[PDB]
S.K.: 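I'd like to ask some things about the structure below.
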Amino acid sequence: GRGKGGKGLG
Amino acid sequence: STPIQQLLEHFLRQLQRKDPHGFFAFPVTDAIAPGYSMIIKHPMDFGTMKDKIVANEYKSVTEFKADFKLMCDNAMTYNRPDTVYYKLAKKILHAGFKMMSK
(Lines give C-alpha, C1' and ligand atoms only; values in the text may rest on other atoms or scores of the structure.)
Protein backbone atom coordinates (compact mmCIF):
# COMPACT_ATOMS: atom_id res chain seq x y z
CA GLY A 1 0.00 0.00 0.00
CA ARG A 2 3.07 2.23 -0.11
CA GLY A 3 2.47 4.30 -3.24
CA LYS A 4 0.02 6.59 -4.98
CA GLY A 5 -3.66 5.58 -5.77
CA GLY A 6 -2.81 5.94 -9.52
CA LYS A 7 0.36 4.90 -11.28
CA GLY A 8 0.69 8.41 -12.88
CA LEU A 9 0.70 7.02 -16.46
CA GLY A 10 -1.57 9.77 -17.93
CA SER B 1 5.80 42.74 -6.23
CA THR B 2 9.51 42.98 -5.36
CA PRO B 3 12.40 42.17 -7.75
CA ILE B 4 13.06 39.03 -5.64
CA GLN B 5 9.43 37.88 -5.88
CA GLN B 6 9.60 38.39 -9.66
CA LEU B 7 12.78 36.30 -9.86
CA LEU B 8 11.24 33.48 -7.76
CA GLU B 9 8.03 33.48 -9.85
CA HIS B 10 10.20 33.14 -12.96
CA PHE B 11 12.05 30.15 -11.45
CA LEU B 12 8.80 28.55 -10.26
CA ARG B 13 7.20 28.72 -13.72
CA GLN B 14 10.25 27.06 -15.28
CA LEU B 15 10.38 24.38 -12.57
CA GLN B 16 6.64 23.52 -12.84
CA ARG B 17 7.07 23.14 -16.68
CA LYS B 18 9.31 20.12 -15.75
CA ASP B 19 6.23 18.47 -14.16
CA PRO B 20 3.62 18.61 -17.00
CA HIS B 21 1.43 15.93 -15.29
CA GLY B 22 1.04 18.07 -12.15
CA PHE B 23 2.19 15.39 -9.63
CA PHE B 24 3.84 18.17 -7.55
CA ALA B 25 0.99 20.76 -8.11
CA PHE B 26 -0.80 20.42 -4.75
CA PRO B 27 -0.37 18.74 -1.35
CA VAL B 28 -0.36 14.96 -1.07
CA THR B 29 -3.08 13.56 1.23
CA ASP B 30 -3.12 10.16 3.07
CA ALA B 31 -6.13 9.16 0.88
CA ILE B 32 -3.96 9.51 -2.22
CA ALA B 33 -0.80 8.14 -0.61
CA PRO B 34 -1.47 5.67 2.26
CA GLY B 35 0.59 6.47 5.33
CA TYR B 36 2.08 9.64 3.91
CA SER B 37 1.70 11.70 7.10
CA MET B 38 3.41 8.91 9.14
CA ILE B 39 6.49 9.06 6.81
CA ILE B 40 6.78 12.74 5.78
CA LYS B 41 7.17 15.31 8.55
CA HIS B 42 7.33 18.52 6.43
CA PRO B 43 5.21 18.26 3.22
CA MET B 44 5.82 20.70 0.31
CA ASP B 45 4.40 21.17 -3.22
CA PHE B 46 4.50 23.83 -5.97
CA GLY B 47 1.11 25.36 -4.99
CA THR B 48 2.36 26.05 -1.45
CA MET B 49 5.59 27.50 -2.85
CA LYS B 50 3.59 29.87 -5.14
CA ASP B 51 1.51 31.04 -2.19
CA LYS B 52 4.71 31.69 -0.26
CA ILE B 53 6.18 33.85 -3.06
CA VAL B 54 2.89 35.80 -3.35
CA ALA B 55 2.90 36.39 0.45
CA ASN B 56 6.55 37.49 0.22
CA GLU B 57 7.68 34.75 2.61
CA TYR B 58 11.01 33.89 0.96
CA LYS B 59 13.98 36.04 1.92
CA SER B 60 16.34 34.61 -0.71
CA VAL B 61 16.79 32.22 -3.55
CA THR B 62 18.48 29.97 -0.93
CA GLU B 63 15.26 29.56 1.11
CA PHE B 64 13.26 28.97 -2.17
CA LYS B 65 15.77 26.27 -3.32
CA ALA B 66 15.44 24.60 0.11
CA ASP B 67 11.62 24.22 -0.34
CA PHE B 68 12.14 22.83 -3.88
CA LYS B 69 14.72 20.33 -2.52
CA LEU B 70 12.30 19.39 0.39
CA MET B 71 9.54 18.68 -2.14
CA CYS B 72 11.78 16.40 -4.25
CA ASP B 73 13.30 14.74 -1.19
CA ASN B 74 9.90 13.88 0.26
CA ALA B 75 8.94 12.20 -3.05
CA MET B 76 12.11 10.17 -3.08
CA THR B 77 11.56 9.16 0.60
CA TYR B 78 7.92 8.08 0.21
CA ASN B 79 7.90 6.51 -3.29
CA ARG B 80 9.95 3.48 -4.29
CA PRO B 81 12.79 3.96 -6.80
CA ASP B 82 11.01 2.22 -9.73
CA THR B 83 8.04 4.55 -9.73
CA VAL B 84 7.34 7.46 -12.07
CA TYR B 85 7.21 9.67 -8.93
CA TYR B 86 10.66 8.89 -7.55
CA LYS B 87 12.24 9.09 -11.04
CA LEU B 88 10.73 12.47 -11.80
CA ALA B 89 11.65 13.83 -8.30
CA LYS B 90 15.29 12.91 -8.91
CA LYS B 91 15.31 14.26 -12.50
CA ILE B 92 13.83 17.61 -11.68
CA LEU B 93 15.80 18.13 -8.48
CA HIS B 94 19.09 18.01 -10.33
CA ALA B 95 17.86 19.84 -13.50
CA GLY B 96 16.16 22.54 -11.42
CA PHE B 97 19.20 23.21 -9.23
CA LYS B 98 21.47 23.54 -12.26
CA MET B 99 18.97 25.89 -13.91
CA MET B 100 18.79 28.18 -10.83
CA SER B 101 22.61 28.27 -10.45
CA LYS B 102 23.58 29.33 -13.85
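Computed over heavy atoms, backbone and side chain alike; hydrogens, waters and symmetry mates excluded. Chain letters run A, B, ... following the sequence lines, proteins first and then strands; every chain starts at 1.
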S.K.: Are A/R2 and B/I39 side-chain neighbours, meaning at least one heavy-atom pair lies under 4.5 Å?
M.R.: yes

S.K.: Quick check on ring pair (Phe, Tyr, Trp, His ring centres under 6.0 Å): which of B/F46, B/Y85, B/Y86 does B/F23 satisfy it with?
M.R.: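 Going through the options one by one, the only one that passes is B/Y85.
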
S.K.: Apart from B/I32 itself, what residues make up its hydrophobic cluster when side-chain heavy atoms of I, L, V, M, F, W and Y under 4.5 Å apart count as a link, directly or indirectly?
M.R.: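 The other cluster members (ILVMFWY side chains, heavy atoms under 4.5 Å, direct or chained) are B/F26.
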
S.K.: Step through the shown structure and confirm whether more than 12 heavy atoms of other residues, nucleotides or ligands are within 6.0 Å of CG on B/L70.
M.R.: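 Yes, the 6.0 Å shell around CG holds more than 12 heavy atoms from other groups.
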
S.K.: Decide if atom NZ of B/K69 counts as having more than 12 heavy atoms of other residues, nucleotides or ligands within a radius under 6.0 Å.
M.R.: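 Counting other residues, nucleotides and ligands, NZ of B/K69 stays at 12 neighbours or fewer.
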
S.K.: What are the two closest non-hydrogen atoms of B/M44 and B/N74, and how far apart are they?
M.R.: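 Shortest heavy-atom contact: N-ND2, 3.7 Å.
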
S.K.: Using a 3.5 Å distance criterion without hydrogens, assess whether the side chain of B/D30 forms a donor-acceptor pair with backbone atoms of B/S37.
M.R.: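 Side chain of B/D30 to backbone of B/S37: a pair is present.
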
S.K.: Could you state whether B/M100 and B/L88 fall into the same hydrophobic cluster, counting links through intermediate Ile, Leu, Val, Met, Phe, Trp or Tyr residues with side-chain heavy atoms under 4.5 angstrom apart?
M.R.: yes

S.K.: How far apart are the closest heavy atoms of B/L15 and B/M99, and which atoms are they?
M.R.: CD2-CE, 3.7 Å

S.K.: Going from CD1 on B/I92 to CZ on B/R17, what distance comes out if it is rounded to the nearest 0.5 angstrom?
M.R.: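 Answer for the CD1-CZ pair, B/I92 versus B/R17, is 13.5 Å.
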
S.K.: Distance check, rounded to the nearest 0.5 Å: B/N79 atom CG versus B/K90 atom NZ?
M.R.: 14.5 Å

S.K.: Could you tell me which non-hydrogen atom of A/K4 sits nearest to which non-hydrogen atom of B/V28, and how far apart they are?
M.R.: NZ-CG2, 4.0 Å

S.K.: Could you walk me through whether B/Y58 and B/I53 pass side chain to side chain contact (heavy atoms under 4.5 Å, CB included), step by step?
M.R.: CA-CA 6 Å; B/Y58 289 118; B/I53 299 166; 3.8 Å; yes

S.K.: Applying a strict under-4.5 Å side-chain criterion to I, L, V, M, F, W and Y, I'd like to know whether B/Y36 and B/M76 cluster together.
M.R.: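 Unlinked, B/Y36 and B/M76 end up in two clusters.
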
S.K.: With no hydrogens and no angle check, do the side chains of B/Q14 and B/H10 hold a donor and an acceptor under 3.5 Å apart?
M.R.: yes

S.K.: Where is the tightest heavy-atom contact between B/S1 and B/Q6, given as atom of each residue plus distance?
M.R.: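 Looks like O-NE2, 3.0 Å.
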
S.K.: With no hydrogens and no angle check, do the side chains of B/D51 and B/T48 hold a donor and an acceptor under 3.5 Å apart?
M.R.: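 Not at all, the side chains of B/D51 and B/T48 share no donor-acceptor pair under 3.5 Å.
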
S.K.: Roughly how far apart are B/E57 CD and B/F64 CZ, rounded to 0.5 Å?
M.R.: 13.5 Å

S.K.: Rounded to the nearest 0.5 Å, how far does NZ of B/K41 lie from OG1 of B/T77?
M.R.: 14.0 Å

S.K.: So is B/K65 actually on top of B/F97's ring, under 6.0 Å and inside 45° of the axis?
M.R.: yes

S.K.: Using 0.5 Å steps for rounding, measure from the CG atom of B/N56 to the CD atom of B/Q5.
M.R.: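 Reported value, rounded in 0.5 Å steps: 3.5 Å.
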
S.K.: At what distance, to the nearest 0.5 angstrom, does OG1 of B/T62 lie from CG of B/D67?
M.R.: 12.0 Å

S.K.: Over all heavy atoms of both residues, which pair between B/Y78 and B/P34 is shortest? Give the atoms and the distance, please.
M.R.: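 Of all heavy-atom pairs spanning B/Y78 and B/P34, the closest is OH-O, 2.7 Å.
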
S.K.: Locate the shortest heavy-atom distance separating B/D19 from B/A25; write the atom from each residue and the value.
M.R.: OD2-N, 3.9 Å

S.K.: Considering only heavy atoms from C-beta outward, does the side chain of B/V84 approach that of A/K7 to under 4.5 Å?
M.R.: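 B/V84 does not reach A/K7 side chain to side chain.
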
S.K.: Report yes if some heavy atom in the side chain of B/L12 is under 4.5 Å from a heavy atom in the side chain of B/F68; otherwise report no.
M.R.: no

S.K.: For the pair B/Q16 (side chain) and B/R13 (backbone), establish whether a donor and an acceptor sit closer than 3.5 Å, ignoring hydrogens and angles.
M.R.: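 Flag not set: sc B/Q16 to bb B/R13 has no pair under 3.5 Å.
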
